[PDB]
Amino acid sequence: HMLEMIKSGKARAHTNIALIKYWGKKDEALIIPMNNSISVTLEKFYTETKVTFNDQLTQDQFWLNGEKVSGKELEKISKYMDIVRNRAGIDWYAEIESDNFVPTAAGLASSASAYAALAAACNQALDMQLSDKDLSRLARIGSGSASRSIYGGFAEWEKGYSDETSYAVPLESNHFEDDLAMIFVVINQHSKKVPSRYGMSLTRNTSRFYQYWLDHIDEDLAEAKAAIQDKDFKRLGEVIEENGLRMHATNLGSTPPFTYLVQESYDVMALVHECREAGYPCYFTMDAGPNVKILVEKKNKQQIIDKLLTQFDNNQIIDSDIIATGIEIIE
């Protein structure tokens, strides 16, 4: 009977935002990065994924938000599932059922929560009994940023130098996360963006300014960590803001140059500078798109939102607390 036979698992993984950036792979196939990155896991946004391994199934199937996925996005997941099968030692195809609670049409990436939730769901389904480190590794090989979603609060992706040694790790932050929040200003550009994987490879391999990134990444890592250990919000905010801008400065040097940012991104940056002037500490970061994220203290969250509303539509403004706990298995 099917119920005697099937192997299944369900998990929830939250999105994380990199404060010190992942930008450039050392190894493309294996997803080993050129540098460590430090993230914060966000409580409002997540992916819930169920996996069901079944010996009768002839091909993997994938439903996302109740829609059947075909094309290259199925191809992508079936390649990942071959890796999971290889690691688990099982040849069964799977039905994957996923629901994104991440606004992805708003340009917020789901890669991070999607591969972490699928990794944790397989570990459940196949009784892999993986440690957090091995779990993180399994997520990493589908998506770099997902390695870090195994953890709540602050996480560091250790670059390592092999599939075995590249994984994320919890950073001790002594509850610093509970005092913090992030605000997203969602931005609609009308050109299609450089895809992140292609964008970062072009820049890493081709940018005239990439050495600039490399010359300063290790100081930034150490600075952010020491600010985190010391609960120093302005010291954290400053490195992370300059880190993120340097990430973007690198794309200007690529052959040919490209940008993630549009004029509205800069209007958001101008408002956050005004907020600091006005006595409200907050610091901005951008990822592989024009959206702007603002790290704030919870005590000032509403005050930053009110200032943003003088200039931005209510429907462009989304916030989230930082969640302190990690990846959750369901039932």
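Don't overthink the numbering: it's just position in the shown sequence, from 1.
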Comparing 83-91 with 207-215, which stretch shows the greater average C-alpha B-factor in the deposited entry?
83-91
317-325 versus 18-26: which one carries the higher mean Cα B factor per the record?
317-325
For the listed 255, 250, 78, 173, which has the peak Cα B-factor recorded in the PDB entry?
173
Per the coordinate record, which of the options 36, 285, 49, 54 holds the highest CA temperature factor?
54
CA B-factor placement of residue 223, once the chain's modelled residues are sorted into thirds:
lowest
Chain-wide C-alpha B factor ranking for residue 183, given as lowest, middle or highest third
middle
Using the temperature factors of the C-alpha atoms in this entry, rank residue 152 within its chain: lowest, middle or highest third.
middle
Going by the entry, which third of its chain does the Cα temperature factor of residue 134 land in?
middle
Sort the modelled residues of this chain by their C-alpha B factor and say whether residue 238 lands in the lowest, middle or highest third.
lowest
